[PDB]
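Pasted below: upload-v4.txt, compact mmCIF, N, CA, C and O atoms and all ligand atoms.
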# COMPACT_ATOMS: atom_id res chain seq x y z
N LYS O 535 0.83 -1.20 0.00
CA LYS O 535 0.00 0.00 0.00
C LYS O 535 0.87 1.26 0.00
O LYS O 535 2.09 1.17 0.13
N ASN O 536 0.23 2.43 -0.18
CA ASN O 536 0.90 3.72 -0.08
C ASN O 536 2.06 3.83 -1.08
O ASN O 536 3.08 4.45 -0.79
N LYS O 537 1.90 3.21 -2.25
CA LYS O 537 2.90 3.20 -3.30
C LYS O 537 2.18 3.09 -4.65
O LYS O 537 1.08 2.55 -4.73
N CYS O 538 2.86 3.58 -5.69
CA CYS O 538 2.39 3.48 -7.05
C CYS O 538 2.57 2.04 -7.53
O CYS O 538 3.70 1.53 -7.56
N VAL O 539 1.45 1.40 -7.88
CA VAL O 539 1.46 0.00 -8.28
C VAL O 539 0.54 -0.21 -9.47
O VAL O 539 -0.40 0.55 -9.70
N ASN O 540 0.80 -1.32 -10.18
CA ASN O 540 -0.12 -1.82 -11.18
C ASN O 540 -0.93 -2.94 -10.54
O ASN O 540 -0.42 -4.05 -10.34
N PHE O 541 -2.19 -2.64 -10.21
CA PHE O 541 -3.05 -3.55 -9.48
C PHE O 541 -4.04 -4.26 -10.41
O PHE O 541 -4.49 -3.71 -11.41
N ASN O 542 -4.37 -5.50 -10.04
CA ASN O 542 -5.33 -6.32 -10.76
C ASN O 542 -6.16 -7.07 -9.73
O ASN O 542 -5.70 -8.04 -9.13
N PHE O 543 -7.39 -6.60 -9.53
CA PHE O 543 -8.33 -7.23 -8.62
C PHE O 543 -9.41 -7.97 -9.42
O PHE O 543 -10.33 -7.35 -9.93
N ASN O 544 -9.25 -9.30 -9.53
CA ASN O 544 -10.23 -10.15 -10.20
C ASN O 544 -10.38 -9.76 -11.66
O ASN O 544 -11.45 -9.98 -12.23
N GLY O 545 -9.33 -9.22 -12.28
CA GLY O 545 -9.39 -8.78 -13.66
C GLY O 545 -9.61 -7.27 -13.80
O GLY O 545 -9.44 -6.72 -14.88
N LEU O 546 -10.05 -6.63 -12.71
CA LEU O 546 -10.17 -5.18 -12.68
C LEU O 546 -8.78 -4.58 -12.56
O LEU O 546 -8.14 -4.61 -11.48
N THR O 547 -8.29 -4.07 -13.69
CA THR O 547 -6.91 -3.63 -13.76
C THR O 547 -6.86 -2.12 -13.61
O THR O 547 -7.81 -1.41 -13.92
N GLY O 548 -5.70 -1.65 -13.15
CA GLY O 548 -5.41 -0.24 -13.15
C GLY O 548 -4.03 0.03 -12.56
O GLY O 548 -3.28 -0.89 -12.23
N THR O 549 -3.74 1.32 -12.41
CA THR O 549 -2.50 1.80 -11.84
C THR O 549 -2.84 2.91 -10.86
O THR O 549 -3.64 3.79 -11.17
N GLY O 550 -2.26 2.85 -9.66
CA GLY O 550 -2.49 3.89 -8.69
C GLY O 550 -1.84 3.58 -7.34
O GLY O 550 -1.02 2.69 -7.23
N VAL O 551 -2.27 4.35 -6.34
CA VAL O 551 -1.85 4.19 -4.96
C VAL O 551 -3.05 3.71 -4.14
O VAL O 551 -4.09 4.36 -4.14
N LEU O 552 -2.85 2.59 -3.46
CA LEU O 552 -3.88 1.94 -2.67
C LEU O 552 -3.71 2.35 -1.21
O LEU O 552 -2.65 2.15 -0.61
N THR O 553 -4.79 2.91 -0.66
CA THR O 553 -4.82 3.41 0.70
C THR O 553 -6.08 2.88 1.39
O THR O 553 -7.07 2.52 0.75
N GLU O 554 -6.01 2.83 2.73
CA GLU O 554 -7.14 2.41 3.53
C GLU O 554 -8.28 3.41 3.33
O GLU O 554 -8.08 4.62 3.47
N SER O 555 -9.46 2.87 3.03
CA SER O 555 -10.64 3.68 2.76
C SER O 555 -11.52 3.87 3.99
O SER O 555 -11.43 3.11 4.95
N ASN O 556 -12.40 4.87 3.93
CA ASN O 556 -13.42 5.11 4.94
C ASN O 556 -14.82 4.93 4.33
O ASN O 556 -15.82 5.38 4.88
N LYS O 557 -14.88 4.30 3.15
CA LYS O 557 -16.11 4.11 2.40
C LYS O 557 -16.98 3.06 3.08
O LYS O 557 -16.52 2.32 3.96
N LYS O 558 -18.26 3.02 2.70
CA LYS O 558 -19.18 2.02 3.25
C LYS O 558 -19.82 1.24 2.11
O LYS O 558 -20.99 1.46 1.79
N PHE O 559 -19.07 0.29 1.55
CA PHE O 559 -19.60 -0.66 0.59
C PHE O 559 -20.68 -1.50 1.26
O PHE O 559 -20.59 -1.82 2.44
N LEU O 560 -21.71 -1.83 0.49
CA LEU O 560 -22.77 -2.71 0.98
C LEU O 560 -22.33 -4.16 0.87
O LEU O 560 -21.33 -4.46 0.25
N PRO O 561 -23.01 -5.13 1.54
CA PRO O 561 -22.58 -6.53 1.52
C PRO O 561 -22.34 -7.13 0.14
O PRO O 561 -21.47 -7.96 -0.03
N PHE O 562 -23.05 -6.62 -0.88
CA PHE O 562 -22.98 -7.18 -2.22
C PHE O 562 -21.95 -6.49 -3.12
O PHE O 562 -21.60 -7.01 -4.17
N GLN O 563 -21.43 -5.35 -2.67
CA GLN O 563 -20.60 -4.49 -3.51
C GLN O 563 -19.19 -5.04 -3.67
O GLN O 563 -18.68 -5.77 -2.82
N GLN O 564 -18.55 -4.72 -4.81
CA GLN O 564 -17.19 -5.13 -5.11
C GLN O 564 -16.28 -3.91 -5.30
O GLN O 564 -15.18 -3.87 -4.75
N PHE O 565 -16.70 -2.97 -6.15
CA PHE O 565 -15.86 -1.82 -6.47
C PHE O 565 -16.71 -0.58 -6.66
O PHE O 565 -17.85 -0.66 -7.09
N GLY O 566 -16.11 0.56 -6.34
CA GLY O 566 -16.70 1.87 -6.52
C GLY O 566 -16.34 2.43 -7.90
O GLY O 566 -15.60 1.85 -8.69
N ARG O 567 -16.94 3.59 -8.18
CA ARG O 567 -16.69 4.33 -9.40
C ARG O 567 -16.64 5.81 -9.04
O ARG O 567 -17.10 6.23 -7.97
N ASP O 568 -16.05 6.58 -9.95
CA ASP O 568 -16.06 8.02 -9.89
C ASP O 568 -16.97 8.53 -11.00
O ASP O 568 -17.36 7.79 -11.91
N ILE O 569 -17.24 9.84 -10.93
CA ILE O 569 -18.05 10.56 -11.90
C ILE O 569 -17.56 10.31 -13.34
O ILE O 569 -18.36 10.26 -14.26
N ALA O 570 -16.26 10.06 -13.47
CA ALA O 570 -15.62 9.80 -14.74
C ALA O 570 -15.80 8.37 -15.23
O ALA O 570 -15.31 8.09 -16.32
N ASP O 571 -16.51 7.52 -14.47
CA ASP O 571 -16.69 6.10 -14.78
C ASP O 571 -15.39 5.32 -14.57
O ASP O 571 -15.25 4.21 -15.06
N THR O 572 -14.47 5.86 -13.78
CA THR O 572 -13.24 5.20 -13.40
C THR O 572 -13.39 4.59 -12.01
O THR O 572 -14.12 5.13 -11.17
N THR O 573 -12.74 3.45 -11.79
CA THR O 573 -12.70 2.82 -10.48
C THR O 573 -12.02 3.75 -9.47
O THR O 573 -10.91 4.21 -9.71
N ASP O 574 -12.74 4.08 -8.38
CA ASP O 574 -12.20 4.94 -7.35
C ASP O 574 -11.81 4.16 -6.09
O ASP O 574 -11.00 4.65 -5.32
N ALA O 575 -12.44 2.99 -5.88
CA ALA O 575 -12.16 2.12 -4.74
C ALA O 575 -12.59 0.69 -5.02
O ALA O 575 -13.42 0.46 -5.90
N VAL O 576 -11.97 -0.29 -4.34
CA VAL O 576 -12.23 -1.70 -4.59
C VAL O 576 -12.31 -2.47 -3.27
O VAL O 576 -11.95 -1.94 -2.23
N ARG O 577 -12.76 -3.73 -3.37
CA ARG O 577 -12.77 -4.69 -2.28
C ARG O 577 -11.82 -5.83 -2.63
O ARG O 577 -11.95 -6.45 -3.68
N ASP O 578 -10.89 -6.12 -1.71
CA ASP O 578 -9.94 -7.20 -1.93
C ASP O 578 -10.68 -8.54 -1.98
O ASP O 578 -11.38 -8.90 -1.04
N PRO O 579 -10.49 -9.38 -3.02
CA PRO O 579 -11.13 -10.70 -3.06
C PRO O 579 -10.74 -11.62 -1.90
O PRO O 579 -11.56 -12.43 -1.49
N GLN O 580 -9.52 -11.46 -1.38
CA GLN O 580 -9.02 -12.31 -0.31
C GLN O 580 -9.35 -11.74 1.07
O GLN O 580 -9.37 -12.49 2.04
N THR O 581 -9.54 -10.41 1.19
CA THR O 581 -9.87 -9.78 2.46
C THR O 581 -11.05 -8.82 2.25
O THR O 581 -11.05 -8.02 1.33
N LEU O 582 -12.02 -8.85 3.17
CA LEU O 582 -13.21 -8.03 3.04
C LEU O 582 -12.95 -6.61 3.55
O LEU O 582 -13.53 -6.17 4.54
N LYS Y 195 -36.10 -10.94 -11.21
CA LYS Y 195 -35.99 -10.78 -12.65
C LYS Y 195 -35.01 -11.82 -13.19
O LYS Y 195 -33.93 -11.94 -12.64
N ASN Y 196 -35.42 -12.55 -14.24
CA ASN Y 196 -34.57 -13.55 -14.87
C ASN Y 196 -34.10 -13.01 -16.23
O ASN Y 196 -34.86 -13.01 -17.20
N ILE Y 197 -32.84 -12.54 -16.26
CA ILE Y 197 -32.24 -11.97 -17.46
C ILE Y 197 -31.09 -12.85 -17.91
O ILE Y 197 -30.23 -13.19 -17.12
N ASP Y 198 -31.08 -13.22 -19.20
CA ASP Y 198 -30.03 -14.04 -19.79
C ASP Y 198 -29.85 -15.32 -18.98
O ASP Y 198 -28.74 -15.82 -18.85
N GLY Y 199 -30.96 -15.85 -18.42
CA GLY Y 199 -30.95 -17.01 -17.55
C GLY Y 199 -30.37 -16.66 -16.17
O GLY Y 199 -29.96 -17.56 -15.43
N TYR Y 200 -30.33 -15.36 -15.84
CA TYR Y 200 -29.92 -14.94 -14.50
C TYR Y 200 -31.05 -14.57 -13.54
O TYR Y 200 -31.67 -13.50 -13.74
N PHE Y 201 -31.28 -15.38 -12.49
CA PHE Y 201 -32.38 -15.10 -11.58
C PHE Y 201 -31.90 -14.17 -10.47
O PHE Y 201 -31.32 -14.63 -9.49
N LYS Y 202 -32.12 -12.87 -10.67
CA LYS Y 202 -31.66 -11.85 -9.74
C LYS Y 202 -32.79 -11.52 -8.77
O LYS Y 202 -33.92 -11.27 -9.19
N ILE Y 203 -32.44 -11.59 -7.49
CA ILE Y 203 -33.38 -11.43 -6.39
C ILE Y 203 -32.87 -10.33 -5.47
O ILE Y 203 -31.84 -10.50 -4.85
N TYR Y 204 -33.62 -9.22 -5.42
CA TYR Y 204 -33.40 -8.13 -4.49
C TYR Y 204 -34.55 -8.16 -3.48
O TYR Y 204 -35.64 -8.64 -3.77
N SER Y 205 -34.31 -7.60 -2.29
CA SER Y 205 -35.30 -7.64 -1.23
C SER Y 205 -35.04 -6.53 -0.21
O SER Y 205 -33.96 -5.95 -0.17
N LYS Y 206 -36.07 -6.28 0.60
CA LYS Y 206 -35.99 -5.31 1.69
C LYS Y 206 -37.11 -5.60 2.67
O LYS Y 206 -38.26 -5.84 2.28
N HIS Y 207 -36.74 -5.53 3.95
CA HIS Y 207 -37.67 -5.67 5.05
C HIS Y 207 -37.75 -4.35 5.81
O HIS Y 207 -36.72 -3.72 6.06
N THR Y 208 -38.98 -3.93 6.14
CA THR Y 208 -39.16 -2.67 6.83
C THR Y 208 -40.34 -2.77 7.77
O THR Y 208 -41.38 -3.33 7.41
N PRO Y 209 -40.26 -2.16 8.97
CA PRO Y 209 -41.42 -2.11 9.87
C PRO Y 209 -42.45 -1.11 9.35
O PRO Y 209 -42.10 -0.15 8.67
N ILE Y 210 -43.72 -1.41 9.62
CA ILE Y 210 -44.85 -0.64 9.13
C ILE Y 210 -45.95 -0.67 10.20
O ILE Y 210 -45.97 -1.55 11.07
N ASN Y 211 -46.85 0.32 10.12
CA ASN Y 211 -48.07 0.35 10.93
C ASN Y 211 -49.22 0.81 10.04
O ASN Y 211 -49.52 1.99 9.94
N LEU Y 212 -49.78 -0.16 9.31
CA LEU Y 212 -50.83 0.10 8.35
C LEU Y 212 -51.47 -1.23 7.99
O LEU Y 212 -50.78 -2.23 7.77
N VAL Y 213 -52.79 -1.20 7.87
CA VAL Y 213 -53.60 -2.39 7.62
C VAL Y 213 -54.30 -2.28 6.25
O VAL Y 213 -55.00 -3.21 5.84
N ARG Y 214 -54.11 -1.16 5.55
CA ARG Y 214 -54.85 -0.89 4.32
C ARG Y 214 -54.13 -1.41 3.07
O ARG Y 214 -54.63 -2.30 2.39
N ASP Y 215 -52.99 -0.80 2.74
CA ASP Y 215 -52.28 -1.07 1.50
C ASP Y 215 -50.82 -0.65 1.69
O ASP Y 215 -50.39 -0.36 2.81
N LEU Y 216 -50.09 -0.51 0.57
CA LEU Y 216 -48.68 -0.18 0.62
C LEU Y 216 -48.52 1.22 1.21
O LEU Y 216 -49.18 2.15 0.77
N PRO Y 217 -47.69 1.40 2.26
CA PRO Y 217 -47.38 2.74 2.76
C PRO Y 217 -46.74 3.64 1.71
O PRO Y 217 -45.97 3.17 0.89
N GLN Y 218 -47.14 4.91 1.71
CA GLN Y 218 -46.63 5.89 0.76
C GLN Y 218 -45.29 6.43 1.26
O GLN Y 218 -45.14 6.78 2.43
N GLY Y 219 -44.29 6.46 0.36
CA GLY Y 219 -42.93 6.78 0.75
C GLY Y 219 -41.91 6.11 -0.17
O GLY Y 219 -42.25 5.74 -1.30
N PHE Y 220 -40.67 6.00 0.31
CA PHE Y 220 -39.56 5.57 -0.53
C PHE Y 220 -38.52 4.83 0.30
O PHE Y 220 -38.13 5.29 1.37
N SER Y 221 -38.07 3.69 -0.24
CA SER Y 221 -37.04 2.83 0.31
C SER Y 221 -36.53 1.89 -0.79
O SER Y 221 -37.31 1.44 -1.63
N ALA Y 222 -35.22 1.60 -0.77
CA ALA Y 222 -34.58 0.89 -1.87
C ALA Y 222 -34.34 -0.58 -1.50
O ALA Y 222 -34.15 -0.89 -0.33
N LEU Y 223 -34.37 -1.45 -2.51
CA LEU Y 223 -34.18 -2.88 -2.30
C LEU Y 223 -32.77 -3.29 -2.71
O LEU Y 223 -32.37 -3.05 -3.85
N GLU Y 224 -32.05 -3.92 -1.79
CA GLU Y 224 -30.68 -4.35 -2.06
C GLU Y 224 -30.68 -5.76 -2.64
O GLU Y 224 -31.41 -6.63 -2.17
N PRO Y 225 -29.80 -6.06 -3.63
CA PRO Y 225 -29.62 -7.43 -4.11
C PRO Y 225 -29.20 -8.38 -3.01
O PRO Y 225 -28.42 -8.01 -2.14
N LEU Y 226 -29.75 -9.60 -3.08
CA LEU Y 226 -29.38 -10.69 -2.19
C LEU Y 226 -28.84 -11.89 -2.97
O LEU Y 226 -27.89 -12.53 -2.53
N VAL Y 227 -29.46 -12.23 -4.12
CA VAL Y 227 -29.12 -13.48 -4.78
C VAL Y 227 -29.05 -13.31 -6.30
O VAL Y 227 -29.82 -12.53 -6.86
N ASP Y 228 -28.15 -14.09 -6.94
CA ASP Y 228 -28.10 -14.27 -8.38
C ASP Y 228 -27.93 -15.75 -8.71
O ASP Y 228 -26.82 -16.25 -8.67
N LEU Y 229 -29.02 -16.44 -9.07
CA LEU Y 229 -28.97 -17.86 -9.42
C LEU Y 229 -28.79 -18.11 -10.92
O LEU Y 229 -29.61 -17.65 -11.70
N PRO Y 230 -27.74 -18.83 -11.40
CA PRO Y 230 -27.58 -19.06 -12.84
C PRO Y 230 -28.37 -20.27 -13.34
O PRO Y 230 -27.78 -21.20 -13.88
N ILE Y 231 -29.70 -20.23 -13.19
CA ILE Y 231 -30.55 -21.38 -13.50
C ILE Y 231 -30.58 -21.67 -15.00
O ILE Y 231 -30.72 -22.81 -15.42
N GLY Y 232 -30.38 -20.63 -15.81
CA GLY Y 232 -30.52 -20.72 -17.26
C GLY Y 232 -31.92 -21.18 -17.66
O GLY Y 232 -32.08 -21.83 -18.68
N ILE Y 233 -32.92 -20.88 -16.82
CA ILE Y 233 -34.28 -21.38 -17.03
C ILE Y 233 -35.25 -20.24 -17.36
O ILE Y 233 -35.38 -19.29 -16.60
N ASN Y 234 -35.95 -20.37 -18.51
CA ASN Y 234 -37.01 -19.45 -18.90
C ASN Y 234 -38.18 -19.52 -17.91
O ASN Y 234 -38.67 -20.61 -17.62
N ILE Y 235 -38.67 -18.34 -17.47
CA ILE Y 235 -39.81 -18.28 -16.57
C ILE Y 235 -40.92 -17.39 -17.14
O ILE Y 235 -40.67 -16.23 -17.48
N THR Y 236 -42.13 -17.96 -17.26
CA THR Y 236 -43.25 -17.32 -17.92
C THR Y 236 -44.39 -17.03 -16.93
O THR Y 236 -45.19 -16.14 -17.17
N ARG Y 237 -44.41 -17.77 -15.81
CA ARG Y 237 -45.43 -17.67 -14.79
C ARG Y 237 -44.80 -17.96 -13.43
O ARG Y 237 -43.72 -18.50 -13.33
N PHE Y 238 -45.54 -17.62 -12.37
CA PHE Y 238 -45.13 -17.87 -11.00
C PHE Y 238 -46.37 -17.89 -10.09
O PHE Y 238 -47.48 -17.61 -10.53
N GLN Y 239 -46.16 -18.28 -8.83
CA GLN Y 239 -47.22 -18.37 -7.83
C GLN Y 239 -46.62 -18.15 -6.44
O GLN Y 239 -45.41 -18.29 -6.25
N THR Y 240 -47.49 -17.82 -5.48
CA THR Y 240 -47.11 -17.60 -4.10
C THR Y 240 -47.64 -18.73 -3.22
O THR Y 240 -48.67 -19.34 -3.51
N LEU Y 241 -46.93 -18.98 -2.11
CA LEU Y 241 -47.26 -20.01 -1.15
C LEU Y 241 -47.30 -19.39 0.24
O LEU Y 241 -46.30 -18.86 0.70
N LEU Y 242 -48.46 -19.50 0.89
CA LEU Y 242 -48.64 -19.06 2.27
C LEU Y 242 -48.85 -20.26 3.21
O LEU Y 242 -49.10 -21.36 2.70
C1 LIG O 601 -34.53 -19.59 -23.04
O1 LIG O 601 -34.89 -20.86 -23.60
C2 LIG O 601 -33.92 -21.31 -24.56
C3 LIG O 601 -34.39 -22.61 -25.20
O2 LIG O 601 -33.64 -22.84 -26.40
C4 LIG O 601 -32.53 -21.45 -23.91
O3 LIG O 601 -31.53 -21.74 -24.90
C5 LIG O 601 -32.13 -20.16 -23.19
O4 LIG O 601 -30.93 -20.37 -22.45
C6 LIG O 601 -33.23 -19.71 -22.25
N1 LIG O 601 -32.89 -18.42 -21.69
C7 LIG O 601 -33.24 -18.01 -20.47
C8 LIG O 601 -33.75 -16.60 -20.39
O5 LIG O 601 -33.17 -18.74 -19.51
Go ahead and express the file in the form of structure tokens.
Amino acid sequence: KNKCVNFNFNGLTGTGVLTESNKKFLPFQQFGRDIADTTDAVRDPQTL
Amino acid sequence: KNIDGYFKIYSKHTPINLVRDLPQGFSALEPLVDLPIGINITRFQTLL
């Protein structure tokens, strides 16, 4: 975390810095989006 | 709703105090289930 990485979560690919979130995903949710239709936050498949 | 053979089931439980009909207002239903039955559905029934 806290570093520039090329991340791939279940095929959801991107590049960025991964930080601990304060978001409230619902039980069914996997990943967030931004107004730009870009992934803004994700859920780790191995850790909830 | 069964789309592309996908049986998607959303639900919501809420307390009420009314004996007439559906209370007027607004509340959203969260997904619970997605069954890949691949089965066409044309009719249904309820069981009490
Ligand atoms: C609809 O029925 C056909 C029968 O050929 C089947 O191939 C298809 O998968 C079914 N689709 C749904 C909506 O379950």
(message) Just the number, please: distance in Å from atom CA of residue 202 of chain Y to atom N of residue 225 of chain Y, one decimal.
(response) 8.6 Å
(request) Kindly indicate which residue among O:546, O:570, O:560, O:538 lies nearest to chain Y, using only C-alpha atoms for the distances. (result) O:560
(request) Compare O:545, O:550, O:561, O:579 by their minimum atom-to-atom distance to chain Y, counting all atoms listed in the file, and give me the closest one. (result)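 Under the stated criterion, the closest residue is O:561.
Distances to ligand LIG 601 (chain O) were evaluated for Y:199, Y:217, Y:209, Y:230 using only C-alpha atoms and all ligand atoms, and the minimum falls at Y:199.
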(request) Rank nothing, just name the residue among O:574, O:540, O:568, O:562 nearest to chain Y, using only N, CA, C and O atoms. (result) O:562
(request) Dump the neighbourhood of ligand LIG 601 (chain O) as a list in words: all residues within 5 Å, distances computed on all atoms listed in the file. (result) residues 196, 198, 199, 232, 233 and 234 of chain Y
(request) Quote the spacing between atom CA of residue 205 of chain Y and atom CA of residue 238 of chain Y in Å to one decimal place. (result)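 Answer for the atom CA of residue 205 of chain Y to atom CA of residue 238 of chain Y separation: 17.2 Å.
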For residue 552 of chain O, find every residue with an atom within 8 Å (counting only N, CA, C and O atoms), except residues of its own chain fewer than 3 positions away, and show them as a short mmCIF file (atom, residue, chain, number, x, y, z; two decimals) with N, CA, C and O atoms, in the coordinates of the input.
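Everything below was put into selection-v5.cif:
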data_model
loop_
_atom_site.label_atom_id
_atom_site.label_comp_id
_atom_site.auth_asym_id
_atom_site.auth_seq_id
_atom_site.Cartn_x
_atom_site.Cartn_y
_atom_site.Cartn_z
N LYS O 535 0.83 -1.20 0.00
CA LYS O 535 0.00 0.00 0.00
C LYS O 535 0.87 1.26 0.00
O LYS O 535 2.09 1.17 0.13
N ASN O 536 0.23 2.43 -0.18
CA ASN O 536 0.90 3.72 -0.08
C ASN O 536 2.06 3.83 -1.08
O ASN O 536 3.08 4.45 -0.79
N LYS O 537 1.90 3.21 -2.25
CA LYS O 537 2.90 3.20 -3.30
C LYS O 537 2.18 3.09 -4.65
O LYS O 537 1.08 2.55 -4.73
N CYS O 538 2.86 3.58 -5.69
CA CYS O 538 2.39 3.48 -7.05
C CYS O 538 2.57 2.04 -7.53
O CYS O 538 3.70 1.53 -7.56
N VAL O 539 1.45 1.40 -7.88
CA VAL O 539 1.46 0.00 -8.28
C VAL O 539 0.54 -0.21 -9.47
O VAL O 539 -0.40 0.55 -9.70
N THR O 549 -3.74 1.32 -12.41
CA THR O 549 -2.50 1.80 -11.84
C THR O 549 -2.84 2.91 -10.86
O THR O 549 -3.64 3.79 -11.17
N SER O 555 -9.46 2.87 3.03
CA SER O 555 -10.64 3.68 2.76
C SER O 555 -11.52 3.87 3.99
O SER O 555 -11.43 3.11 4.95
#
(message) With all atoms listed in the file as the counted atoms, please give the residues lying no more than 7 Å from residue 222 of chain Y, apart from itself and same-chain residues fewer than 2 positions off, as a VMD selection string.
(response) chain Y and resid 205 to 207 220 224
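Note that atom C of residue 204 of chain Y and atom C of residue 231 of chain Y are 18.2 Å apart.
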(message) When you count all atoms listed in the file, which of these residues is closest to chain Y: O:542, O:563, O:572, O:547?
(response) O:563
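Each of Y:242, Y:235, Y:226, Y:216 was checked against chain O using only N, CA, C and O atoms; the smallest atom-to-atom distance is that of Y:226.
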